[PDB]
Amino acid sequence: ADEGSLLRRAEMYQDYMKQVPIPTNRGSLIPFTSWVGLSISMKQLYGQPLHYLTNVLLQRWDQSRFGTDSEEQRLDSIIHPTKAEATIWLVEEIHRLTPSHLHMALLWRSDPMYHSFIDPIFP
Amino acid sequence: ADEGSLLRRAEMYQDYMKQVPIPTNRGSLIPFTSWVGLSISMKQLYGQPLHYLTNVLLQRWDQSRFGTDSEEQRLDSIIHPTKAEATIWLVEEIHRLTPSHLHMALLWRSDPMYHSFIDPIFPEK
Amino acid sequence: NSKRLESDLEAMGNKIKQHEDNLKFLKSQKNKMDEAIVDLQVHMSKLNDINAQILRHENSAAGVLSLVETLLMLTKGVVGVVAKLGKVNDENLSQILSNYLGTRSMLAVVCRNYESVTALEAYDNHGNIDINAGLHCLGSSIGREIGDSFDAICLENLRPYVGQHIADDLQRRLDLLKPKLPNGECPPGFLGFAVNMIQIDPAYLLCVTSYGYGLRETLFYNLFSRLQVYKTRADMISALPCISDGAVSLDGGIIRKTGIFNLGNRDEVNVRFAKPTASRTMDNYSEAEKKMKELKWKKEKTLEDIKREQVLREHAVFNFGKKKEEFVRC
Amino acid sequence: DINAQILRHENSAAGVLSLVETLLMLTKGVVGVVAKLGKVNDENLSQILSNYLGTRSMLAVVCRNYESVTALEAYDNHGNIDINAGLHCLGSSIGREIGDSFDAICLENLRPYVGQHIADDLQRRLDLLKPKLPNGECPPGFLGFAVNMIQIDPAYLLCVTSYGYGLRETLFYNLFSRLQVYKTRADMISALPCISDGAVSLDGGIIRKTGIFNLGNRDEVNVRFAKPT
Amino acid sequence: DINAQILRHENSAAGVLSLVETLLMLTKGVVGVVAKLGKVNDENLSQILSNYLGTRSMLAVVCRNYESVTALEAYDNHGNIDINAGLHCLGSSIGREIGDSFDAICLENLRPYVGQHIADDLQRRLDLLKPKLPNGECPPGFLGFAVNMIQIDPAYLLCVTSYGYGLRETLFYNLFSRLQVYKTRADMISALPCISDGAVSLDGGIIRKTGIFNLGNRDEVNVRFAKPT
Amino acid sequence: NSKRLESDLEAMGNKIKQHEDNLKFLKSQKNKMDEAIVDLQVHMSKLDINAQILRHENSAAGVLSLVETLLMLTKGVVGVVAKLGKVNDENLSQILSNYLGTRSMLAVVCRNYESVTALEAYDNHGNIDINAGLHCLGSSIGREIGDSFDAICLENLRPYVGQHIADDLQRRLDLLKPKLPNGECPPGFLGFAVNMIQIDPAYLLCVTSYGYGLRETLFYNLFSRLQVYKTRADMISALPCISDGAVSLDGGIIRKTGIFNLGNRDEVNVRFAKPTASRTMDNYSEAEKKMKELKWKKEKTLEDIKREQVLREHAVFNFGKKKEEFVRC
């Protein structure tokens with residue numbers, strides 16, 4: 001009962017995120033502390049959600065910096081925010097067009113409460 | 001005895017990858033079929049390794065496409081190769097400058113034979 | 001080719017039919033969620049000092065809200081006050097955390113969305129506060145007026161803790177990498193982080209924010225950002241290179257940043273975090289309340305997916321109608 | 001006059017040091033009071049930056065090393081701050097006492113801003129990144145960064161700490177850590193995604209962090225930054 | 001003459017259909033032989049594309065639908081190909097027999113090249129992406145794609161299959177699926193990271209896939225593509 | 001100004017001593033690996049297809065098999081495709097050999113591309129000189145190589161970009177089974193052909209420089225996602241399910257989706273070998289694959305030594321220039 005339900009949810013969500021267009025103008029420069037900070041800002045300057053895989057990847061990029069004392073090193077000194085927005089738009093285009101719903105249904109079968117990465121916003 | 005060797009190896013590897021520069025001229029068009037094919041062809045044109053985390057990410061992207069009948073679509077037609085080459089260069093710059101070796105040593109501890117992803121390509125000469 | 005377009009139109013018909021089937025699927029699952037939440041409502045219906053310290057601060061807005069709780073949409077939007085939401089076991093460490101926060105961040109009002117922030121205040125063309133604002137109208141209607149600048153926190157705009165959690169336990173407390181000497185060990189007087197000290201009400205552990213975040217991950221992580229608690233003062237200065245942003249001694253002085261130190265006669269704060277009262281029956285009732293809040297959050301997420309699929313179905317309707325009109329015109 | 005404004009807060013230690021300056025190694029190690037070190041061209045912007053910092057960090061004593069911090073206060077085995085401390089003996093000998101906690105900043109242990117400066121401008125203004133909307137240039141109400149608003153004494157621009165860092169890099173960076181200054185409250189709310197740390201509206205209310213909104217009848221702080229002369 | 005080259009391979013079925021064409025529904029459904037359908041301007045490039053495809057796919061019969069494939073051959077319950085099949089009865093009635101396996105391409109079940117075309121050029125050449133080195137333009141030996149080298153009969157450019165696809169989109173795309181043609185063997189090896197499917201060197205050896213290198217004394221194929229007239 | 005410069009080269013000397021300690025640790029690890037492989041090597045030292053290759057006299061595989069019955073050329077070559085894979089039954093081996101054809105069946109396979117370059121020599125005319133390595137060796141011992149032959153290098157092969165079956169021996173690749181539009185599988189489907197080959201367990205892992213197997217590199221690039229169907233009518237009945245290739249266990253084969261073979265099936269005399277029923281050879285081969293894994297990990301630790309050597313040399317040069325800059329100031 002859970003298998004077909006999660007497979008259908010994955011197919012529907014991938015159809016919608018396939019439907020959404022990447023925006024036209026990208027000339028912006030958001031000062032930012034963490035990756036999830038830039039994503040939460042960039043979901044507000046643009047009226048567009050991000051993919052599930054993009055939110056999960058940005059949380060893992062944020063957790064990949066913990067430990068060694070570069071947390072106190074401010075991130076936008078390392079990465080110019082034009083480059084960071086370019087990475088998030090290109091990685092979101094990859095996660096919108098290419099992936100299958102079988103892989104994503106497997107990932108949703110791994111964890112419940114997976115809605116923490118699906119955005120409520122929609123154009 | 002295991003975890004100290006893992007941590008010191010991860011620290012040495014992370015220092016070596018932070019040492020590596022990202023190249024100046026990146027204007028090329030590589031017709032490609034899968035992500036790993038692009039990574040291999042781009043390691044061969046640009047004599048530079050990729051990170052461990054970059055190769056893990058590209059394999060997981062390439063496994064994410066299995067399933068739905070999208071393998072019959074050539075990935076060259078879905079994503080223009082200049083775009084995807086720019087994605088892989090910028091994600092490599094993220095994985096080179098930002099990471100701490102403690103998390104990477106945790107990931108190396110989680111599975112043996114982690115040298116499958118570490119490239120023997122040296123930028124010297 | 002006409003035959004290709006006719007086959008494609010039949011394919012679009014199959015697509016629109018599977019869209020309406022997906023709609024029926026989601027409507028059925030939403031009805032299941034409604035059944036479960038009404039069952040939990042009737043079960044919860046079957047299962048059925050800090051206020052003085054708030055009211056001493058007569059000029060501040062927390063006293064206004066507490067006096068209204070003794071006696072509109074503002075009380076719908078506002079979650080509560082920071083002093084009400086936290087509970088600390090011992091008297092001493094509660095007083096020291098109150099001294100760290102101060103009487104402004106302690107008396108802050110917390111509300112869900114930013115429109116609930118704009119509901120509290122009304123500004124003129126000049127920008128000055130006009131009494132037509134909600135809290136000002138209501139406080140002037142009941143009594144005292146708000147001269148003190150009070151603080152408003154919206155939970156949606158807060159930067160969530162982008163980090164892992166401790167898996168095996170209740171209270172969802174936050175694992176962070178403990179401070180370390182440049183060679184030796186952890187510092188000796190270390191007593192724990194302070195964000196883990198606050199015992200959260202189990203109604204607010206999950207599904208408060210629309211993303212599903214807890215209250216420790218959002219509110220008290222932003223008020224208590226990675227500060228360490230140390231047992232004695234000399235242990236605290238002894239651990240000077242090891243500390244992040246804040247640090248607190250359990251005897252005396254507190255420090256705010258890495259270089260900033262505090263010293264002098266310690267200004268106390270009247271309001272305090274309460275001591276939690278562990279009663280098993282109210283624990284079970286608040287467990288049912290937690291289950292209620294989690295069910296309602298999943299119902300809201302299914303409803304958002306229903307809106308999403310309605311958008312897709314309307315796009316398919318428009319495209320099918322346009323293509324069939326172009327085909328008939330061809 | 002600013003020294004009268006310091007001396008109004010009689011329970012402080014800044015009024016005690018001002019009373020010393022009108023009439024030991026304490027006043028040798030101490031660089032001075034924060035409100036003495038910063039000058040602001042106009043009046044309204046000075047008032048709102050003072051309301052941002054508050055009367056506790058505005059009256060902070062500023063010393064160089066942590067040895068000066070140990071010189072200011074003395075602790076016994078009881079853990080209590082007795083009279084035998086530095087400024088407590090000094091205030092008991094001269095006059096008013098210190099019953100409020102006050103802030104003691106040491107410039108050695110602070111975090112310096114290791115970022116590129118503007119090359120040609122005086123006062124060594126910070127080369128900090130300005131936000132931009134998705135369409136074009138800067139947000140509509142953007143007046144600029146508050147750490148570069150402070151007009152400073154030219155004696156303190158270089159070699160104040162032991163490493164040769166200035167005072168804008170150490171003190172005012174750690175007090176005003178990249179916060180925008182906006183002309184209008186509506187222009188501050190409309191540019192809320194671009195502000196990183198904090199924002200200060202030139203007519204009314206301010207925000208310390210991202211989610212935290214300060215609002216209501218504006219509580220004033222009696223101490224302000226001086227006029228530049 | 002190309003029909004003599006078809007008739008040299010007497011054990012084929014293409015020689016059988018050529019002997020029919022010199023003298024049923026088999027020759028009604030069959031579009032024809034691959035070497036008859038393609039024309040190449042020069043001689044060397046035709047020889048090396050013929051060496052690439054081999055004498056088995058070069059002598060392939062090409063029919064439209066799978067019903068024509070069922071018309072060509074008949075299977076009994078034994079599973080053996082008896083005489084009672086189409087071309088076996090036809091060859092037994094006319095002359096030579098068919099002892100070699102031969103290739104039967106159906107144009108309906110093939111994978112059409114559903115990608116953009118060049119707008120202005122005749123023969124509907126494919127709009128395919130050309131590789132580029134990291135410095136500048138194309139690799140140094142790049143002569144171009146082999147599916148666009150084929151000069152085709154203008155009767156077969158449109159509506160050959162039922163969906164209106166051409167013959168370059170279906171047959172020659174599925175025989176020459178994006179393989180580069182390079183002038184020099186060293187220019188083929190030096191541009192090895194950019195070649196996706198295959199590469200053909202205009203003097204010598206070729207590669208079918210990425211890791212697979214063909215080398216040694218060059219085995220020739222007697223059948224070639226025709227000259228264009 | 002001077003104190004931060006002093007702390008800079010102080011910390012730089014601390015880092016270069018850290019480099020030297022890390023070098024010594026890795027030399028310790030390499031020597032422990034050397035001790036383990038010497039112990040297992042003395043533990044190991046303490047304990048027809050060739051006629052079918054030799055019927056192809058003009059082929060280079062017959063040349064290499066004849067020279068093995070009697071340099072750097074035959075050291076780089078891993079082997080011949082007919083001698084690497086093994087199939088239990090005879091019929092399926094005949095059909096897979098008919099599928100691959102006698103040019104790729106007699107393909108030499110070597111590790112590195114330099115071994116491909118060593119096999120042949122080309123002049124400015126491009127003609128194949130006798131001065132080529134295999135042509136010198138064949139002419140020196142006898143018959144010449146007039147047939148074109150295939151040369152696979154294991155480094156440039158695109159490895160299967162996918163998962164395996166974890167618990168199962170011989171590392172059988174899991175691929176997605178073909179699916180009807182209905183929920184069922186096609187009935188004739190026995191398996192993919194690349195899982196059918198039973199492989200020598202010495203070649204299961206670390207053959208490649210990346211540690212890739214041989215089923216990943218060689219047999220996936222030969223037998224790429226094709227099906228093996230029991231009867232012919234099963235293969236025609238499941239045509240929309242098939243994607244890359246199909247092979248019937250009764251008769252004919254199809255290379256692509258639309259390309260059909262039909263007619264009298266030309267046989268291939270070179271076949272896959274049948275497996276060996278002995279058991280002690282399997283124990284020796286397990287010792288061999290343990291040796292190969294230890295050799296691969298030793299090579300990787302040597303490369304890690306090379307990385308750290310590059311780090312210490314650059315750090316020494318930076319330390320010398322920084323000492324000169326501070327003494328000059």
# chains A, B, ... in the order shown; residues from 1 in each chain; ligands from 1

$ closest_atom_pairs --of "chain B" --to "chain F" --cutoff "10 Å" --atoms "only C-alpha atoms" --output "Markdown table"
| residue | atom | partner | partner_atom | distance |
| --- | --- | --- | --- | --- |
| B:5 | CA | F:25 | CA | 9.0 |
| B:8 | CA | F:22 | CA | 8.0 |
| B:9 | CA | F:304 | CA | 8.5 |
| B:12 | CA | F:308 | CA | 7.0 |
| B:13 | CA | F:307 | CA | 8.0 |
| B:15 | CA | F:311 | CA | 8.4 |
| B:16 | CA | F:311 | CA | 6.8 |
| B:17 | CA | F:307 | CA | 9.7 |
| B:19 | CA | F:311 | CA | 8.4 |
| B:34 | CA | F:161 | CA | 8.3 |
| B:35 | CA | F:161 | CA | 8.9 |
| B:36 | CA | F:161 | CA | 7.1 |
| B:37 | CA | F:158 | CA | 7.0 |
| B:40 | CA | F:158 | CA | 8.6 |
| B:41 | CA | F:156 | CA | 9.8 |
| B:58 | CA | F:161 | CA | 9.6 |
| B:59 | CA | F:161 | CA | 6.6 |
| B:60 | CA | F:162 | CA | 8.8 |
| B:61 | CA | F:161 | CA | 9.9 |
| B:62 | CA | F:161 | CA | 6.7 |
| B:63 | CA | F:162 | CA | 5.9 |
| B:64 | CA | F:162 | CA | 9.6 |
| B:66 | CA | F:176 | CA | 8.2 |
| B:67 | CA | F:176 | CA | 7.1 |
| B:69 | CA | F:243 | CA | 9.3 |
| B:71 | CA | F:243 | CA | 9.6 |
| B:72 | CA | F:243 | CA | 8.0 |
| B:113 | CA | F:211 | CA | 8.3 |
| B:114 | CA | F:211 | CA | 9.7 |
| B:115 | CA | F:210 | CA | 7.0 |
| B:116 | CA | F:210 | CA | 4.9 |
| B:117 | CA | F:210 | CA | 7.3 |
| B:118 | CA | F:210 | CA | 8.2 |
| B:119 | CA | F:210 | CA | 7.9 |
| B:120 | CA | F:303 | CA | 6.9 |
| B:121 | CA | F:303 | CA | 9.7 |
| B:122 | CA | F:307 | CA | 8.2 |
| B:124 | CA | F:310 | CA | 8.7 |

$ write_last_selection --atoms "C-alpha atoms" --output "PDB file, in the first residue's frame"
ATOM      1  CA  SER B   5      44.645   6.655  10.235  1.00  0.00           C
ATOM      2  CA  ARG B   8      45.060  11.805   9.100  1.00  0.00           C
ATOM      3  CA  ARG B   9      44.566  10.482   5.558  1.00  0.00           C
ATOM      4  CA  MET B  12      46.181  15.095   3.942  1.00  0.00           C
ATOM      5  CA  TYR B  13      43.826  14.495   1.016  1.00  0.00           C
ATOM      6  CA  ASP B  15      44.872  19.731   1.950  1.00  0.00           C
ATOM      7  CA  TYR B  16      46.014  18.369  -1.396  1.00  0.00           C
ATOM      8  CA  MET B  17      42.680  19.063  -3.049  1.00  0.00           C
ATOM      9  CA  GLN B  19      45.965  23.123  -3.109  1.00  0.00           C
ATOM     10  CA  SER B  34      26.208   9.950 -18.987  1.00  0.00           C
ATOM     11  CA  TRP B  35      27.616  12.123 -16.219  1.00  0.00           C
ATOM     12  CA  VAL B  36      30.551   9.799 -15.588  1.00  0.00           C
ATOM     13  CA  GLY B  37      31.433   9.919 -19.280  1.00  0.00           C
ATOM     14  CA  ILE B  40      36.165  10.985 -17.571  1.00  0.00           C
ATOM     15  CA  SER B  41      36.466  13.025 -20.768  1.00  0.00           C
ATOM     16  CA  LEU B  58      28.165  12.402 -10.305  1.00  0.00           C
ATOM     17  CA  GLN B  59      27.628   8.668  -9.803  1.00  0.00           C
ATOM     18  CA  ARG B  60      24.490   9.365  -7.796  1.00  0.00           C
ATOM     19  CA  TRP B  61      23.218  11.702 -10.531  1.00  0.00           C
ATOM     20  CA  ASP B  62      23.940   8.979 -13.051  1.00  0.00           C
ATOM     21  CA  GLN B  63      22.086   6.374 -10.987  1.00  0.00           C
ATOM     22  CA  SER B  64      19.167   8.736 -10.502  1.00  0.00           C
ATOM     23  CA  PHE B  66      17.857   4.788 -14.200  1.00  0.00           C
ATOM     24  CA  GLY B  67      14.296   3.620 -13.998  1.00  0.00           C
ATOM     25  CA  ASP B  69      12.637   5.320 -19.860  1.00  0.00           C
ATOM     26  CA  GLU B  71      18.029   6.454 -20.866  1.00  0.00           C
ATOM     27  CA  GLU B  72      16.697   6.238 -24.416  1.00  0.00           C
ATOM     28  CA  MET B 113      37.472   0.668  -0.969  1.00  0.00           C
ATOM     29  CA  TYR B 114      37.149   4.437  -1.153  1.00  0.00           C
ATOM     30  CA  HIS B 115      39.978   4.663  -3.669  1.00  0.00           C
ATOM     31  CA  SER B 116      37.552   3.849  -6.485  1.00  0.00           C
ATOM     32  CA  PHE B 117      36.592   7.527  -6.525  1.00  0.00           C
ATOM     33  CA  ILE B 118      39.950   9.170  -5.784  1.00  0.00           C
ATOM     34  CA  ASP B 119      41.711   9.968  -9.044  1.00  0.00           C
ATOM     35  CA  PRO B 120      45.367   9.079  -9.699  1.00  0.00           C
ATOM     36  CA  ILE B 121      45.657  12.052 -12.058  1.00  0.00           C
ATOM     37  CA  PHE B 122      48.305  14.527 -10.947  1.00  0.00           C
ATOM     38  CA  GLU B 124      52.025  18.232 -12.150  1.00  0.00           C
TER      39      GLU B 124
END

$ select_by_dssp --residues "region 111-167 of chain E" --states "helix (DSSP H, G or I)" --output "short mmCIF file (atom, residue, chain, number, x, y, z; two decimals) with N, CA and C atoms, in the first residue's frame"
data_model
loop_
_atom_site.label_atom_id
_atom_site.label_comp_id
_atom_site.auth_asym_id
_atom_site.auth_seq_id
_atom_site.Cartn_x
_atom_site.Cartn_y
_atom_site.Cartn_z
N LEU E 122 19.98 21.38 -48.40
CA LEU E 122 19.32 20.24 -49.01
C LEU E 122 19.76 18.95 -48.33
N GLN E 123 19.03 17.88 -48.64
CA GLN E 123 19.14 16.52 -48.10
C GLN E 123 18.77 16.42 -46.63
N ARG E 124 18.33 17.51 -46.00
CA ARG E 124 17.95 17.58 -44.59
C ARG E 124 19.06 17.06 -43.68
N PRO E 154 16.90 11.95 -53.78
CA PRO E 154 15.88 12.91 -53.34
C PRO E 154 14.45 12.39 -53.34
N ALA E 155 14.21 11.18 -53.85
CA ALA E 155 12.88 10.60 -53.71
C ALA E 155 12.61 10.16 -52.28
N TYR E 156 13.66 9.86 -51.52
CA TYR E 156 13.51 9.27 -50.20
C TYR E 156 13.68 10.26 -49.06
#

$ interface_residues --of "chain D" --to "chain F" --cutoff "9 Å" --atoms "only C-alpha atoms" --output "MDAnalysis selection string"
chainID D and resid 159 162:164

$ write_last_selection --atoms "C-alpha atoms" --output "mmCIF file, in the first residue's frame"
data_model
loop_
_atom_site.group_PDB
_atom_site.id
_atom_site.type_symbol
_atom_site.label_atom_id
_atom_site.label_comp_id
_atom_site.auth_asym_id
_atom_site.auth_seq_id
_atom_site.Cartn_x
_atom_site.Cartn_y
_atom_site.Cartn_z
ATOM 1 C CA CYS D 159 48.516 49.926 14.853
ATOM 2 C CA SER D 162 49.528 44.559 18.433
ATOM 3 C CA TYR D 163 49.071 43.090 14.953
ATOM 4 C CA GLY D 164 48.671 46.490 13.320
#

$ residues_around --residues "residue 152 (chain D)" --least-positions-apart "4" --cutoff "10 Å" --atoms "only C-alpha atoms" --output "mmCIF file with N, CA and C atoms, in the first residue's frame"
data_model
loop_
_atom_site.group_PDB
_atom_site.id
_atom_site.type_symbol
_atom_site.label_atom_id
_atom_site.label_comp_id
_atom_site.auth_asym_id
_atom_site.auth_seq_id
_atom_site.Cartn_x
_atom_site.Cartn_y
_atom_site.Cartn_z
ATOM 1 N N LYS D 36 32.887 57.917 23.002
ATOM 2 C CA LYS D 36 33.925 58.904 22.753
ATOM 3 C C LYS D 36 34.675 58.610 21.462
ATOM 4 N N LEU D 37 34.737 57.343 21.056
ATOM 5 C CA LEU D 37 35.593 56.953 19.944
ATOM 6 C C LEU D 37 34.941 57.134 18.585
ATOM 7 N N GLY D 38 33.622 57.207 18.519
ATOM 8 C CA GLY D 38 32.911 57.289 17.254
ATOM 9 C C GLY D 38 32.237 58.640 17.089
ATOM 10 N N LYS D 39 32.274 59.159 15.869
ATOM 11 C CA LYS D 39 31.629 60.418 15.544
ATOM 12 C C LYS D 39 30.746 60.198 14.329
ATOM 13 N N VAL D 40 29.561 60.794 14.342
ATOM 14 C CA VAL D 40 28.575 60.648 13.280
ATOM 15 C C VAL D 40 28.207 62.041 12.795
ATOM 16 N N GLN D 123 39.900 57.028 6.196
ATOM 17 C CA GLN D 123 39.339 56.281 7.327
ATOM 18 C C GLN D 123 39.354 54.774 7.130
ATOM 19 N N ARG D 124 39.907 54.281 6.015
ATOM 20 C CA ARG D 124 39.991 52.861 5.669
ATOM 21 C C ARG D 124 38.617 52.191 5.722
ATOM 22 N N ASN D 148 30.640 51.607 7.992
ATOM 23 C CA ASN D 148 31.320 52.663 7.264
ATOM 24 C C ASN D 148 30.703 54.032 7.490
ATOM 25 N N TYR D 156 43.572 56.758 15.573
ATOM 26 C CA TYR D 156 43.286 55.355 15.831
ATOM 27 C C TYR D 156 43.129 54.522 14.567
ATOM 28 N N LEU D 157 43.616 54.993 13.424
ATOM 29 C CA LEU D 157 43.399 54.248 12.189
ATOM 30 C C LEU D 157 44.367 53.088 12.032
ATOM 31 N N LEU D 167 41.085 50.309 14.182
ATOM 32 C CA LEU D 167 40.022 50.217 15.165
ATOM 33 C C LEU D 167 38.680 49.966 14.507
ATOM 34 N N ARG D 168 38.526 50.359 13.243
ATOM 35 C CA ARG D 168 37.322 49.998 12.505
ATOM 36 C C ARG D 168 37.284 48.503 12.216
ATOM 37 N N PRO D 228 31.411 65.402 14.624
ATOM 38 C CA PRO D 228 32.806 65.504 14.185
ATOM 39 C C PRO D 228 33.254 66.959 14.172
#

$ residues_around --residues "region 66-82 of chain D" --least-positions-apart "2" --cutoff "8 Å" --atoms "only C-alpha atoms" --output "compact mmCIF listing (two decimals) with N, CA, C and O atoms, in the first residue's frame"
# COMPACT_ATOMS: atom_id res chain seq x y z
N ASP C 251 28.66 30.12 37.97
CA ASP C 251 28.74 30.92 39.19
C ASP C 251 28.35 32.36 38.88
O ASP C 251 27.32 32.85 39.34
N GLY C 252 29.16 33.04 38.08
CA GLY C 252 29.02 34.46 37.91
C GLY C 252 28.83 34.95 36.49
O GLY C 252 27.75 34.84 35.90
N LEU C 263 31.69 42.38 33.46
CA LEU C 263 32.18 42.50 34.82
C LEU C 263 31.48 43.68 35.47
O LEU C 263 30.93 44.55 34.79
N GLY C 264 31.48 43.70 36.79
CA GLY C 264 30.69 44.64 37.55
C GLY C 264 29.52 43.97 38.23
O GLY C 264 29.25 42.78 38.04
N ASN C 265 28.82 44.76 39.04
CA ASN C 265 27.69 44.25 39.82
C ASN C 265 26.57 43.80 38.90
O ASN C 265 26.06 44.58 38.09
N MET D 25 47.24 52.46 36.40
CA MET D 25 47.39 51.73 35.15
C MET D 25 46.05 51.38 34.52
O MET D 25 46.02 50.91 33.37
N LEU D 26 44.94 51.58 35.25
CA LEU D 26 43.61 51.40 34.68
C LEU D 26 43.38 52.36 33.52
O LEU D 26 43.11 51.92 32.40
N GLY D 29 45.87 51.44 30.51
CA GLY D 29 45.51 50.37 29.60
C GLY D 29 44.25 50.63 28.80
O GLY D 29 44.14 50.20 27.65
N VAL D 30 43.29 51.35 29.39
CA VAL D 30 42.00 51.59 28.75
C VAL D 30 42.16 52.57 27.61
O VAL D 30 42.69 53.68 27.78
N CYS D 63 39.62 48.42 26.41
CA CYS D 63 41.02 48.28 26.79
C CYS D 63 41.71 47.38 25.78
O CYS D 63 41.08 46.75 24.93
N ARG D 64 43.04 47.33 25.86
CA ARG D 64 43.80 46.66 24.82
C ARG D 64 43.89 45.16 25.05
O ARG D 64 43.35 44.37 24.27
N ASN D 84 37.63 45.70 46.74
CA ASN D 84 39.06 45.67 46.46
C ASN D 84 39.45 45.58 44.98
O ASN D 84 40.64 45.54 44.66
N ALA D 85 38.47 45.54 44.08
CA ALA D 85 38.74 45.62 42.65
C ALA D 85 39.21 47.03 42.27
O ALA D 85 39.16 47.97 43.07
N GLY D 86 39.65 47.16 41.02
CA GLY D 86 40.22 48.40 40.52
C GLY D 86 39.28 49.58 40.48
O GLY D 86 39.44 50.53 41.26
N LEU D 87 38.28 49.53 39.61
CA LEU D 87 37.33 50.64 39.51
C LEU D 87 36.42 50.74 40.72
O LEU D 87 35.88 51.82 40.97
N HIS D 88 36.26 49.67 41.50
CA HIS D 88 35.46 49.78 42.72
C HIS D 88 36.20 50.57 43.80
O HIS D 88 35.61 51.45 44.43
N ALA D 104 33.24 45.38 29.11
CA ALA D 104 34.68 45.57 29.01
C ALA D 104 35.18 44.85 27.76
O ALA D 104 35.29 43.62 27.76
N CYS D 106 38.03 43.92 25.07
CA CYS D 106 39.47 43.85 24.85
C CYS D 106 39.73 43.71 23.36
O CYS D 106 39.10 42.89 22.69
N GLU D 108 42.45 42.75 21.79
CA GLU D 108 43.32 41.68 21.33
C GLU D 108 42.52 40.43 20.97
O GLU D 108 42.80 39.79 19.96
N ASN D 109 41.53 40.07 21.79
CA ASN D 109 40.80 38.84 21.57
C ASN D 109 39.64 38.99 20.60
O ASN D 109 38.95 38.00 20.34

$ residues_around --residues "region 23-32 of chain A" --least-positions-apart "5" --cutoff "7 Å" --atoms "only C-alpha atoms" --output "list in words"
residues 37, 38, 76, 81 and 82 of chain A; 131, 132, 133, 134, 135, 136, 194 and 196 of chain D

$ atom_distance --atom1 "CA of residue 83 (chain E)" --atom2 "CA of residue 27 (chain E)"
18.2 Å

$ residues_around --residues "residue 177 (chain E)" --least-positions-apart "4" --cutoff "9 Å" --atoms "only C-alpha atoms" --output "list in words"
residues 146, 147, 172, 173, 197 and 198 of chain E

$ write_last_selection --atoms "C-alpha atoms" --output "PDB file, in the first residue's frame"
ATOM      1  CA  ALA E 146      29.484  10.582 -41.093  1.00  0.00           C
ATOM      2  CA  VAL E 147      25.691  10.533 -41.123  1.00  0.00           C
ATOM      3  CA  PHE E 172      21.409   6.195 -41.698  1.00  0.00           C
ATOM      4  CA  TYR E 173      21.023   7.572 -38.195  1.00  0.00           C
ATOM      5  CA  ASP E 197      30.245   7.141 -30.046  1.00  0.00           C
ATOM      6  CA  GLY E 198      32.811   6.371 -32.722  1.00  0.00           C
TER       7      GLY E 198
END

$ interface_residues --of "chain A" --to "chain B" --cutoff "9 Å" --atoms "only C-alpha atoms" --output "PyMOL selection string"
chain A and resi 61+63-70+75+78-79+83-84+86-87+90-91+93-95+97-104

$ residues_around --residues "residue 3 (chain A)" --least-positions-apart "5" --cutoff "10 Å" --atoms "only C-alpha atoms" --output "PyMOL selection string"
chain A and resi 8+105-106+109

$ write_last_selection --atoms "N, CA, C and O atoms" --output "CSV table (one decimal), in the first residue's frame"
chain,number,residue,atom,x,y,z
A,8,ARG,N,3.4,6.9,-6.8
A,8,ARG,CA,2.5,7.8,-7.5
A,8,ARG,C,2.8,9.3,-7.1
A,8,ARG,O,2.8,10.2,-7.9
A,105,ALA,N,11.4,7.8,-5.5
A,105,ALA,CA,10.5,7.1,-4.7
A,105,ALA,C,11.2,6.2,-3.7
A,105,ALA,O,10.8,6.0,-2.5
A,106,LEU,N,12.4,5.7,-4.1
A,106,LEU,CA,13.3,5.0,-3.1
A,106,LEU,C,13.8,5.9,-2.0
A,106,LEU,O,13.7,5.5,-0.8
A,109,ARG,N,11.1,6.5,0.3
A,109,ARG,CA,10.8,5.3,1.1
A,109,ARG,C,11.8,5.2,2.3
A,109,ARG,O,11.5,4.6,3.3

$ atom_distance --atom1 "CA of residue 22 (chain C)" --atom2 "CA of residue 313 (chain C)"
9.7 Å
